[PDB]
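Note on naming: letters A, B, ... go to the chains in the order of the sequence lines (proteins, then strands), and numbering restarts at 1 for each one. Each ligand, and each atom within it, is numbered from 1 in the order the structure gives.
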Amino acid sequence: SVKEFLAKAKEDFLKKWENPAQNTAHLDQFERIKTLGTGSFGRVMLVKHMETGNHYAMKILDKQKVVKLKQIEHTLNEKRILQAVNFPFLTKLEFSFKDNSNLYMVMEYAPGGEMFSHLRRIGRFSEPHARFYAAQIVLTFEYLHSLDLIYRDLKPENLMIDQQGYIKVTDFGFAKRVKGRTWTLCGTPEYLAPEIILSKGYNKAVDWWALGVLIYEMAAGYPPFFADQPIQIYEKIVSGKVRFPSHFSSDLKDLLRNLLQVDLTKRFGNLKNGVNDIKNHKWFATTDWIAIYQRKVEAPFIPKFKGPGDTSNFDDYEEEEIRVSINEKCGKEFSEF
Amino acid sequence: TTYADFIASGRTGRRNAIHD
Ligand SMILES: NCC1(Cc2ccc(Cl)cc2)CCN(c2ncnc3[nH]ccc23)CC1
Ligand SMILES: [Cl-]
């Protein structure tokens with residue numbers, strides 16, 4: 001059963017969680033090719049692993065910048081989790097290491113680019129196109145949540161398309177192993193659950209709200225709560241009001257009403273029956289969950305590829321030297337990395 | 001239209017993560 005599968009995956013996860021891999025490569029073992037994106041305290045690059053010729057995505061984080069932004073513990077969470085997980089829609093760490101200046105995490109490369117890019121260009125996805133992606137997220141969150149992990153940054157920017165048109169849930173910067181409630185204000189304004197905004201302790205139910213936002217945005221082409229400034233967005237999210245496009249199916253609207261539910265006693269994914277309330281909803285009635293997990297379903301969209309290491313599905317970012325100081329920075333802070 | 005209001009907004013590009 002699913003329960004069985006998950007139990008065993010947890011045994012696998014806990015062993016790596018309790019004894020994390022460390023220092024499993026070195027920078028000189030990789031050829032850096034192109035920046036695939038940026039964040040506040042680093043960048044992700046396409047790299048080639050020279051001894052194998054494999055391409056990977058290499059996340060390069062500036063330790064001093066991580067410290068300035070108070071993201072030390074969050075970054076230690078990310079690496080510790082990602083080295084421990086294993087799931088068809090995640091990119092676990094193939095290698096990790098650090099030097100005087102930076103932290104490095106090497107992951108499976110997703111050549112199709114961000115879902116965001118394709119969503120914005122095409123405008124909106126059909127309900128079937130949306131459901132295909134949504135299904136993969138439902139399973140991933142089932143997996144993560146069963147490991148007592150909370151993900152906390154679902155959005156199209158953070159869903160990478162692979163060569164077969166399936167997705168990888170990336171950007172584990174805010175992911176945290178927590179059994180009770182937690183309090184950190186983090187995520188992306190459009191995707192924040194009202195509990196987070198209202199400075200309440202919160203739990204994994206915020207990931208199910210975020211799912212509601214994502215399915216809406218995918219199917220509408222814009223999110224349920226938007227404005228020019230965050231503060232106006234926060235006002236809309238808390239208010240208790242959402243409007244659906246007239247082209248939204250009846251089933252879709254009902255699912256979204258149950259995901260975008262301010263009342264935790266009523267929010268799908270948070271009830272007694274957990275994720276099955278989502279899996280067994282009518283909007284998912286055509287979804288064969290095993291076929292999705294097995295990646296046997298035909299993707300409704302598969303990206304264009306010239307070949308290995310092709311990056312045409314990514315935007316261009318300014319390239320900047322990777323400089324390695326002669327002095328070790330922030331040694332104690334990142335001792336366990 | 002809501003679409004037009006979105007496209008005319010300042011938040012159609014990549015959205016940054018927030019944290020306290
Ligand atoms: N959301 C896209 C962003 C943004 C990002 C996040 C953090 C930093 Cl420090 C820098 C940039 C992360 C995933 N990445 C990516 N691309 C391709 N294959 C991948 N495999 C794992 C991650 C990844 C592309 C870039
Ligand atoms: Cl990432």
(message) Donor-acceptor check, side chain of A:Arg152 to backbone of A:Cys186, threshold 3.5 angstrom: yes or no?
(response)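 Not confirmed, A:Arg152 side chain does not pair with A:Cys186 backbone.
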
(request) Kindly say whether A:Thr91 contributes a backbone atom to a donor-acceptor pair with the side chain of A:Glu108 at under 3.5 angstrom? (result)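 The answer is no, because no donor-acceptor pair under 3.5 Å joins these two groups.
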
For [atom], which protein heavy atom lies nearest, and how many Å away is it?
| atom | value |
| --- | --- |
| atom 16 (N) of ligand 1 | A:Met160 CE, 3.6 Å |
| atom 4 (C) of ligand 1 | A:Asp171 OD2, 3.7 Å |
| atom 23 (C) of ligand 1 | A:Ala57 CB, 3.8 Å |
| atom 2 (C) of ligand 1 | A:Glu114 OE2, 3.4 Å |
| atom 20 (N) of ligand 1 | A:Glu108 O, 2.7 Å |
| atom 9 (Cl) of ligand 1 | A:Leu61 CD2, 3.3 Å |
| atom 15 (C) of ligand 1 | A:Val44 CG1, 3.9 Å |

Under 6.0 Å between ring centres: does that hold for [X] and [Y]?
| X | Y | answer |
| --- | --- | --- |
| A:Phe95 | A:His26 | no |
| A:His55 | A:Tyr109 | no |
| A:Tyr216 | A:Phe248 | yes |
| A:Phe141 | A:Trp208 | yes |
| A:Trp209 | A:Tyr191 | no |

Go through the side-chain N and O atoms of [X] and [Y] and say whether any donor and acceptor fall under 3.5 Å apart.
| X | Y | answer |
| --- | --- | --- |
| A:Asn102 | A:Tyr104 | yes |
| A:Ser101 | A:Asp99 | no |
| A:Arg43 | A:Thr35 | yes |
| A:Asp207 | A:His145 | yes |

(request) Answer yes or no: does an N/O atom from A:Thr170 fall short of 3.5 Å to an N/O atom of ligand 1? (result)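 No; the residue has no nitrogen or oxygen that sits under 3.5 Å from a nitrogen or oxygen of the ligand.
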
(request) Return a yes/no value for A:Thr38: is any of its N or O atoms, backbone included, closer than 3.5 angstrom to an N or O of ligand 1? (result)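 Among all N and O atoms of A:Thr38, none is under 3.5 Å from an N or O of ligand 1.
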
Residue [X] vicinity, atoms of ligand 1 by number, heavy atom under 4.0 Å:
| X | result |
| --- | --- |
| A:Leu36 | 16 (N), 17 (C) |
| A:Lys59 | 7 (C), 8 (C), 9 (Cl) |
| A:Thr91 | 21 (C) |
| A:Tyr109 | 17 (C), 18 (N) |
| A:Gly37 | 10 (C), 11 (C) |
| A:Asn158 | 1 (N) |
| A:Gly39 | 8 (C), 10 (C), 11 (C) |

(message) Less than 4.0 angstrom from a charged side-chain N to a carboxylate O is my criterion; do A:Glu114 and B:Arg14 meet it?
(response)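 Counted as a salt bridge, because a side-chain N and a carboxylate O are separated by less than 4.0 Å.
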
(request) Report the part of A:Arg43 in contact with ligand 1, treating N, CA, C, O as backbone and CB onward as side chain, heavy atoms under 4.0 Å; options are side chain, backbone, both, neither. (result)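 For A:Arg43, the contact with ligand 1 is made by the backbone alone.
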
(request) For ligand 1, indicate whether the residue A:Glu157 contacts it via side chain, backbone, both or neither (heavy-atom separation under 4.0 Å). (result)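 For A:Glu157, the contact with ligand 1 is made by the backbone alone.
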
(request) Out of A:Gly113, A:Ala110, A:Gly173, indicate the one that has the non-hydrogen atom closest to atom 18 (N) of ligand 1. (result)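 Among A:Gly113, A:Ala110, A:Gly173, the closest heavy atom to atom 18 (N) of ligand 1 belongs to A:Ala110.
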
